[PDB]
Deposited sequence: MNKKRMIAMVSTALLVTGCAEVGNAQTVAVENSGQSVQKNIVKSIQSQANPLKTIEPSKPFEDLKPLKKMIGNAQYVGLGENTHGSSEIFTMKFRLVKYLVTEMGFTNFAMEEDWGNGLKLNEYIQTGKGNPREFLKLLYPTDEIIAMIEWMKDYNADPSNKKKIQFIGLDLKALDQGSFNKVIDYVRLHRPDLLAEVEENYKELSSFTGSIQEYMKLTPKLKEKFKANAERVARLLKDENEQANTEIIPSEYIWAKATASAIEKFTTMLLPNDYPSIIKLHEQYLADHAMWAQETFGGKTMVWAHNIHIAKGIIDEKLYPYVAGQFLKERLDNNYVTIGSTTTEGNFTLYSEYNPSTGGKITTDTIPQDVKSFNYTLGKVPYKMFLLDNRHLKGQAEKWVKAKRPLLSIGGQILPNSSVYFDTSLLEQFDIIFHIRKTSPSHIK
C-alpha cells in the first residue's frame, strides 16, 4: 500500500540481497562469505524449509550445513526427526553402520537428504577431524525399542543393581510408544502411571555411553509428560518446549556450535500458523538465547513439491500463487537465489519485511499466513523456482 510499491521495493531488496550461485554442496563457498558475516559468533542457527518436499531447498540446506561445519565450526546437527532415529543416524555417521534410508521417516528418506547424511559420515571418517559431527534427533513422535535398549543396556553394564527396577518401569510403557496416536489411546490412569515410571528411571540416572543413556531416559520422560494432557494447545506447547530443550542439551553437552534443521514453522522466532502451532520451538530458543540464536528461514516462489495427501501415499502438488505474499515479491527480484539479512535492511525493503503480508507455509499434508517476515526470520534464503524432492 506504500509509495508506488512493487517496482521500488523490489529494487530495494535486490540492492541489499546477496545472490547465491549454486545449490551444489561440492562447489566453492565464495558466495556464502556474506553469510559468515551475518551469523557472526552465534552458537545456535535455525535452518528452515518452506515445504517438506522441495528438492533444491533440501540440497541448498545441505550446502549451508557443509559451509557451517567446514568454515564456521558448527558440530551439532539437531534435526526434526525422532530421538530414536537420531541415535541410529548418529551411529551411522560415526561408524558407517546401518541404512540411513531406514532411519528417516517418510518424506525425509530422499536422495537429497541421504546425500547429506553420507557427507556427514565422510567428514567424521577423516581422522584429521578430531571434533566429530553429532547427529541429534530432536523429536518425540515415537519412542523406538532402540531407545529403551539404549538405557537398559547401559544399566545392565554399569548399574546392575538397578536393572530389575529399570526394566520393570519400562516393560509395559515400551509397548505403547510406537506413535502418538496409540499412546493417546491409553486411559488417564495408565498415562499417569507411565509418566511416573519414566520419571523414576530418569531420576535413577541423573547421577544425583552414560551421556546418551541419561539423555534417552529423559527423552522417554519428556514423551510421557508431553502426552499426559488431553487437550491440544498444552501438548503442542510441551512438544515445542522439548524440541528446544533437546537442541540446547546438545550444545551444552558437546560444545562447539549447533544447527537446528526443521520446518520454517519450528525454527521461527514467532507464530505463523496460530491454529496448528500456537507455540513453536523457535520462540523458546529466541527467549532463552536472545542474540545467540540466529534464524534463517526458507522461501520459494513457484513450483511443484512432494507431499502426502490433498484437501496415505506420497504424491506431488503445486505451490499456490498469491501476488500479495512476501514469496511472490521475492520472485520479482532479479536473482534466482539469494540471501537476505532482514535485520539490517534499510529503505523500502526494511519497511517491507516489517509489514504484515501473506507468507507461504506448506507442511507434509494439505497455505498462506498473514505475518511479518522479520518477525519470523532474521535471515532468509530464497530459491525462486523449486521442484519435487526424490524419495529414495
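- For this chain, the deposited residues without C-alpha positions form the stretches 1-32, 241-251, 355-359, 415-419, given in sequence order.
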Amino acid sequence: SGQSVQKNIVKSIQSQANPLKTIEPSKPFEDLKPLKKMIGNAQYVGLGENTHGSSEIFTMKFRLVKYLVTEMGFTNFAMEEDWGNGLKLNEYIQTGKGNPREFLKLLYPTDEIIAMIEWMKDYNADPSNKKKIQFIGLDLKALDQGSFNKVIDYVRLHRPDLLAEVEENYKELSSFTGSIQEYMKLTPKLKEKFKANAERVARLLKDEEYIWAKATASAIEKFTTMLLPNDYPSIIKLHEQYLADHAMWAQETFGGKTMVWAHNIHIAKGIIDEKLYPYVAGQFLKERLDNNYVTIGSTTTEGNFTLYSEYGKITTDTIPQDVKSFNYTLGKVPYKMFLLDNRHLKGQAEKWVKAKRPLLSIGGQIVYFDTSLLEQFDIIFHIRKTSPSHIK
From here on, numbers count along this sequence of modelled residues.
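- 197-205 and 107-115 differ in mean CA B-factor, and the higher of the two is recorded for 197-205.
- For the two regions 264-272 and 175-183, the entry's Cα B-factors average higher over 175-183.
- Across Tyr44, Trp352, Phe62, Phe338, the greatest Cα temperature factor reported in the deposited entry is at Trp352.
- Per the PDB entry, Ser234 shows the highest C-alpha temperature factor of the residues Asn85, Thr224, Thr75, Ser234.
- Annotation for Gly53: C-alpha temperature factor in the lowest third relative to the rest of the modelled chain, per the entry.
- Ranked within its chain, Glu81 lands in the lowest third, by CA B factor from the PDB record.
- Among the modelled residues of the chain, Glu287 sits in the highest third by CA temperature factor in this PDB entry.
- Among the modelled residues of its chain, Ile380 has a C-alpha B-factor that falls in the lowest third according to the deposited record.
- When all modelled residues of the chain are sorted by CA temperature factor, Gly256 is found within the lowest third.
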